[PDB]
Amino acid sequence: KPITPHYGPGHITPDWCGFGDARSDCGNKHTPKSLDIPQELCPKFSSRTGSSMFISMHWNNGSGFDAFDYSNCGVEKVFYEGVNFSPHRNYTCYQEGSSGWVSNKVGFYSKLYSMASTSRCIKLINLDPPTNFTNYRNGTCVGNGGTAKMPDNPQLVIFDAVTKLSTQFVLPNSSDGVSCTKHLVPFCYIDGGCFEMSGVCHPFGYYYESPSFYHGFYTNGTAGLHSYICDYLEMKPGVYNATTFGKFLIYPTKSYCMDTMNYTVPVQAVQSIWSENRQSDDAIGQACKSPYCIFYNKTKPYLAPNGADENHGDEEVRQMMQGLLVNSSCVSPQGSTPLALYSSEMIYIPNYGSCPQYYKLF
């Protein structure tokens, strides 16, 4: 008899892991009512209430951000986080607005997922401070009346006078047992032409460089609307310079350290949103794209009648996450199956394992 895939994430061997927020964090005081996964699976997730891998990339604890040192290893990976940076947050640093932050978010998650498919371990690490320097200020946001906290990573600095300056930073090749064969590192900038301070409109730009790497940004057009934009870079371990065009410089203070596995396996991501009385975004659906990521979308709103509150304990995702309880043979966008000859519907890519073939063909 042909088998019907269980819509939702799955795993074909015990070497699998998850990344999450409150909805997979057994440390939460409302556990198990606040969970969207089975409680027996919490030990498989690296998760913290209030956090997301995007938040933790850019911010330390404070000014409204709950940061977490995410760290896990698995050939197979399930991501269920992202919601803790949605338009609901009402954050802007310059004039990019909420949608500017949805764009940064898509950028981050797109790079994370594609890199994670080539990796087994993923670990947020702190970088050593750069070679010392002088006569500078840290950057601030003008957004939200100056209350918006600019990222701690990368760290922007502004020199007291126009200067020539290159400072050195290091991406390590390991972190307490994990090999960092590559790093996900942010590079952010403020576009919109020259940047006005105390009556002088300065060229804005800087770059990362080494003998085998370059990435930079520069503008000196007429001043217009300014936007804080981030690029997410894959960088090898080693020594780099951050270099100024005169007034501005950034250096990274954190990275996601990843190792490399030789067989690429698509990651899985589940739609991470709020209930309908808050502004969510579709950043996860935009970032989780074939062929590197298998997206399990919600077809209903986030509804938690048996949960801790209206934003924690969704029935649909709960049902989806029942899939992680079985030892499957096949993982696909249609969901998971045990070993079987025939499927009740066509299984498409991206998939992996041993997948049943659509019965009507035979």
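In case it trips you up, residue 1 is the first one in the sequence shown, and so on.
**Q** Take the C-alpha B-factors listed in the entry for 248-256 and for 127-135, compute each mean, and give the stretch with the larger one.
**A** Result of the comparison: 127-135.
**Q** Of the two stretches 37-45 and 50-58, which shows the higher Cα B-factor on average in the entry?
**A** If you average the C-alpha B-factors of 37-45 and of 50-58, the larger mean comes out for 37-45.
**Q** Among the candidates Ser166, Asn153, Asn72, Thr92, give the one with the maximum CA B-factor reported in the record.
**A** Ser166 has the highest C-alpha B-factor of those listed.
**Q** Out of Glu76, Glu234, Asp282, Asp191, whose C-alpha atom has the biggest B factor in the entry?
**A** The listed residue with the largest C-alpha B-factor is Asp282.
**Q** What third of its chain's C-alpha B-factors does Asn297 belong to: lowest, middle or highest?
**A** Its C-alpha B-factor, which the entry lists for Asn297, ranks in the middle third among residues of this chain.
**Q** Taking the chain's C-alpha temperature factors as the reference, tell me which third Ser212 falls into: lowest, middle or highest.
**A** Answer is highest: the recorded C-alpha B-factor places it there.
**Q** Lowest, middle or highest third: which one holds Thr243 when the chain's residues are ordered by CA B-factor from the entry?
**A** According to the entry, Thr243 has a C-alpha B-factor in the chain's lowest third.
**Q** Could you tell me which third, lowest, middle or highest, the C-alpha B-factor of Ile122 occupies within its chain?
**A** According to the entry, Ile122 has a C-alpha B-factor in the chain's lowest third.
**Q** Classify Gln268 as lowest, middle or highest third according to the C-alpha B-factor given in the PDB entry, relative to its own chain.
**A** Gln268: CA B-factor falls in the lowest third of its chain.
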